[PDB]
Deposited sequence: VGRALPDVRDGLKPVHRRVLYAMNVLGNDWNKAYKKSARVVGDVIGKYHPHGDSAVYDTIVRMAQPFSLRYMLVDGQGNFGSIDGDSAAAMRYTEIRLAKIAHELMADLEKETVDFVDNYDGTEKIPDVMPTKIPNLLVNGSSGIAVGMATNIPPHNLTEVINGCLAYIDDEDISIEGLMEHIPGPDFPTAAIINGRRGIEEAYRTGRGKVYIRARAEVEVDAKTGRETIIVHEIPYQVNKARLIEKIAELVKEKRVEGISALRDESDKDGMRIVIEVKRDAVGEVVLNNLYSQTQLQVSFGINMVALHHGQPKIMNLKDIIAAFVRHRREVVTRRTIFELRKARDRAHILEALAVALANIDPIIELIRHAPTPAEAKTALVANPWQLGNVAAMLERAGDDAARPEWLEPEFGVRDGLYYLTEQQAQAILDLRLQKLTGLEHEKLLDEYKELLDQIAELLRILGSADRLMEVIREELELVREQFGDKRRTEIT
């Protein structure tokens, strides 16, 4: 019921986006019918059959609901007049490009996973988000009430915090002057913004921009129009190219109608598994600390993966340099178990890959009796099984070359990853550069006037 402070998501949102990721329902592939994603979420992650899962998909696609849409939707996803989306069998969805940034590096052991409801699947506890989504898209529930914000502004605030962790709320507000609604309009109550940013709680007012061009966030246009007719105890000329409501009285309309509304900001989020009231700085610090954890864990993962792969490739290169005796050995083995034991029994000469093979690339788990030792290769059982799994086409010149090239590139990736892990400065710089690139790729203009 409360969003996680780190990714801004509640469980239902996270389960939806996760299912889309697992489906490969990517920004650069064909749309899928909404029903497919709904069915996957219901069966694997959120085993309830009411309207919440599809409702969440629909909200995440509506440009009048989310400041940065997380779902790219095609078809009828409803309108600001409150009409419903078409049924899930008709609408088409895929991940928005920015949703890939929310889930960047999820496959790289960057976040803890928890059991799904039947213990057959894992689900991330939180997304390894590059986007400060809690602030930029906001959240509500009945309690928390966090308005959306401009991504450029929020990223600038994160970077200012990284530069000076003692930055004041006033300092942060030089970069983040207030909320930014997808529906634009006007905010009127600067003290309310400051009190929210300082304490977590502050009430602000949102005013429409007689011709009405923009209305407050979360106001239903058709209901607004009916409300005006009822108080009159007007035409809607809006279209695809923008909103246009046609109607002294204006101040009166602002006084008794949703042409002005209050927004009670109440920044409550899950923080270390507990609900907590959080100010602007708490929220930014939590996001930054999350980036530190993610990037560290990612770098460790990549280093491990690269060493593991390089280790398998060493075996393959040695076998392919010793192809005749390898074949002679396997052909005379009664069974695959005996071939594997014969492979590991006696070390192998390195041949023309000697220079290429001769500590940085050794997996940390590899005991000292294995690997290159005195110009000879001592294979593990796993390495022997990889030789036994080699297809005959890997003996052709090009496939042999590709393996050697892959090994060489891994050696360079490993040296680089060690330099990064070994340097707090490098690691912090990766974090910053990632934020800055997010700003360059996805940052847009402010819409709401403060």
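Sequence ranges 1-3, 146-149, 217-229, 254-262, 277-285, 397-400, 493 have no coordinates in this entry (deposited sequence, numbered from 1, C-alpha basis).
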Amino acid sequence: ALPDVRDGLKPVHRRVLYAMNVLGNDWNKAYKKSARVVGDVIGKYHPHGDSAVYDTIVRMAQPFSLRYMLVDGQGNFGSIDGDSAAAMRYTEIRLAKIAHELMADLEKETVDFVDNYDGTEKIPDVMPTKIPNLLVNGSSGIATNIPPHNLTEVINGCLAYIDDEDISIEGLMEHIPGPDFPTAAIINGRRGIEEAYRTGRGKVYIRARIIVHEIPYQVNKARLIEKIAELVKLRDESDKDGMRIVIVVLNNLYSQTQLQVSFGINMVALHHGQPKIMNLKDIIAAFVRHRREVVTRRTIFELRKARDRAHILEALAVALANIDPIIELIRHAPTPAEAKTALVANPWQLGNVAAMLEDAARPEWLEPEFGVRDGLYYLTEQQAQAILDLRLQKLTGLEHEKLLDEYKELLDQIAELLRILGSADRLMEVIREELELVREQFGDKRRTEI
From here on, numbers count along this sequence of modelled residues.
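If you average the C-alpha B-factors over 267-275 and over 189-197, the higher value belongs to 189-197. 93-101 and 238-246 differ in mean CA B-factor, and the higher of the two is recorded for 238-246. When the Cα B-factors of 159, 146, 303, 169 are read from the PDB record, 169 comes out highest.
Highest CA B-factor among 324, 72, 109, 81, as stated in the entry: 81. For residue 308, the recorded CA B-factor ranks within the lowest third of the chain. Only modelled residues enter the ranking.
Ranked within its chain, residue 76 lands in the middle third, by CA B factor from the PDB record.
Split the chain's modelled residues into thirds by C-alpha temperature factor. Residue 287 is in the lowest one.
When the CA B factors of the chain's modelled residues are split into thirds, the value for residue 138 lands in the middle one. When all modelled residues of the chain are sorted by CA temperature factor, residue 296 is found within the lowest third.
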